[PDB]
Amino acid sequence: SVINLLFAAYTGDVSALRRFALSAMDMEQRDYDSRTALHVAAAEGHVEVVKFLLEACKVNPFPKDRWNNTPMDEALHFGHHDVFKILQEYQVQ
């Protein structure tokens, strides 16, 4: 459910995201702006959400939203260099 998934990402609620993923929710669903849970969590600086989505849920690390922003772009723009470092571990090398 887009609304539940992206608002849980927004508030940093890893416990809810775990319950969603365990019940087979698609953790890569997108809204009308082509935003993912990983975009929203990266923009808010929620390091533990970002790690959970990347490591446990295996989401795409570089989805592009309506403006072609990736989660890495959001982390830099909003000053979350800790999130940036986690995303960097997934780069095309």
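In this text, residue numbers run from 1 along the sequence as written.
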With B-factors read from the PDB entry, the higher C-alpha mean of 81 to 89 and 68 to 76 is in 81 to 89
Tertile call for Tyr32 (CA temperature factor, within chain, third-based) is the lowest
Entry-reported C-alpha B-factor of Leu17 relative to its chain, by third, is lowest
In terms of its chain's C-alpha B-factors, the third that includes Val49 is the middle
Chain-relative C-alpha B factor for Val40 (record values, thirds): the lowest
